[PDB]
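See structure below.
FYI the Cβ positions are ideal-geometry reconstructions off the backbone, even for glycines, and counts take in every protein chain you see. Here, each number is a calculation from the coordinates, and none is a lab measurement.
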Amino acid sequence: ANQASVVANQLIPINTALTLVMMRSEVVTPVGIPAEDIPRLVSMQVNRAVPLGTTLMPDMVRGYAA
């Protein structure tokens, strides 16, 4: 129900280290990476371009394992 996920706050370019400005929290479906993981994700890289408003999924972040 009100599980919030990490959502792209701007287009995130491929192979670019995540910064706090790039990540917002929103209740979306399907559910993606939990919004409490935003601190964890800083400096991790995405393996593909992530368009604005896209929910970040585990498979999109290199090295992510919950």
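Full extension of the chain between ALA66 and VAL28 gives 11.8 nm of extra length, using 0.36 nm per residue less the Cα-Cα distance.
With a simple spin-label model that places each label point 7 Å from the Cα along the Cα-to-Cβ direction, the separation between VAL42 and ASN2 comes to 2.6 nm. Extension gain, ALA49-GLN10: 0.36 nm per intervening residue step, less the Cα-Cα distance, totals 13.0 nm.
Taken along the Cα-to-beta-carbon direction at a fixed 7 Å, the label points for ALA17 and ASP59 span 2.8 nm.
Amide H contacts of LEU56: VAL6, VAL7, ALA8, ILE33, each under 5 Å away and 5 or more positions distant or on a separate chain (H built 1.01 Å from N in the peptide plane; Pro and chain starts excluded).
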